[PDB]
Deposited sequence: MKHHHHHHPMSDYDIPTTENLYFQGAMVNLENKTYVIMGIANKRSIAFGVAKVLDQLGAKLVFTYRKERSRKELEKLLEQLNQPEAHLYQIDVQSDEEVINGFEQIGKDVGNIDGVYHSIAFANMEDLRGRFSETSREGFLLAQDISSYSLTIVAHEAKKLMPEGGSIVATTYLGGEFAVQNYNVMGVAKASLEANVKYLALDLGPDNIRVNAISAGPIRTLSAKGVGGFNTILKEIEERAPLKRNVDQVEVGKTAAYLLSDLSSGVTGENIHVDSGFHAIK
């Protein structure tokens, strides 16, 4: 399916990382993978996980999307080091000033803008097109909600903007995974159970692959159809 495809996978932290699920699946289909971590602390942990995979060699890159420079440099090195890529999976989600302006903006920066920039930089490794995918993860006033809204919109507009560049941008809206919210989901999710990294990875594969070749700007809920309730 994906032999000879090269994908950048952002946001692995531990073996529980959704991003990592996504990783195991693409590995299994025979794509070559590149990874980005944020904290130096996590570099070792990634090298460990790349063992679990049949990855010919280890291509790790420290990128903090929160900063233009790192993202710019990171993609260039990947470019230099690996050549063109077929797609990017961008997993993020970080809620830490309950109503603070900094809170708000920071949320936006991480949750919505990171995509914009990644996209702008990844685009340079995708001269013939490719697929970008953003995966997505309560109190008084939910700022994280407002960030996701921003995200989803951003996906539409990037999808729209990069259309001509034959680059597809879609999102995965994830439902919960390995306890009161596990009450709620197993309770009310139509499919009557909880999703998990793999299921996501599967749709992720779908999206990054040519299989979804007519689909851009879409947001797919991998949540045992909890959305429809």
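Worksheet item: Which parts of the deposited sequence have no C-alpha atoms in the model?
Response: Model skips 1-28, 125-132, 174-179, 221-230, 282 of the deposited chain.
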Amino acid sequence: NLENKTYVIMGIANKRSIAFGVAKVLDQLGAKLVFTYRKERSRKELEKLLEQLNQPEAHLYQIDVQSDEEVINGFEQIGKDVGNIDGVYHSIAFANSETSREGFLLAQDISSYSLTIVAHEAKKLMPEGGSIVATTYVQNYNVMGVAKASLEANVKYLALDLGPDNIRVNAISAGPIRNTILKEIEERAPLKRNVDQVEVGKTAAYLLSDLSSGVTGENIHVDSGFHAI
From here on, numbers count along this sequence of modelled residues.
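Superpose the two forms; the largest set of C-alphas matching within 1.5 Å is the rigid core.
Item to complete: Could you say which moves further from this form in 8 other deposited structures of this protein, stretch 195-203 or stretch 181-189, by root mean square CA distance after aligning on the core?
Response: Stretch with the larger root mean square C-alpha distance in 8 other deposited structures of this protein: 181-189.
Worksheet item: With the rigid core as the fit anchor, does 99-107 or 116-124 show bigger C-alpha shifts in 8 other deposited structures of this protein?
Response: The stretch that sits farther from the shown form in 8 other deposited structures of this protein is 99-107.
Practice prompt. Determine, for stretches 153-161 and 84-92, which one has the higher mean CA B-factor as deposited.
Written response: The recorded data point to 84-92.
Worksheet item: Which has the higher mean CA temperature factor in the PDB entry, 33-41 or 47-55?
Response: The deposited B-factors put 47-55 ahead on the C-alpha mean.
Discussion item. Sorting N170, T180, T203, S173 by Cα temperature factor from the record, which one lands on top?
Written reply: Each of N170, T180, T203, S173 was compared by C-alpha B-factor; the highest is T180.
Worksheet item: How does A228 rank on Cα B-factor within its chain, lowest, middle or highest third?
Response: Highest third.
Fill in: Position of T136 among the chain's modelled residues by C-alpha B-factor, lowest, middle or highest third
For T136, the deposited C-alpha B-factor lands in the middle third.
Discussion item. Based on the deposited C-alpha B factors for this chain, I'd like to know if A19 is in the lowest, middle or highest third.
Written reply: Tercile = middle for this residue's CA B-factor.
Worksheet item: Of the three thirds of its chain by CA temperature factor, lowest, middle or highest, which one includes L208?
Response: Lowest third - that is where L208 ends up once the chain's C-alpha B-factors are sorted.
Fill in: Relative C-alpha B-factor of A13, binned into the chain's lowest, middle or highest third
It belongs to the highest third of the chain when residues are ordered by C-alpha B-factor.
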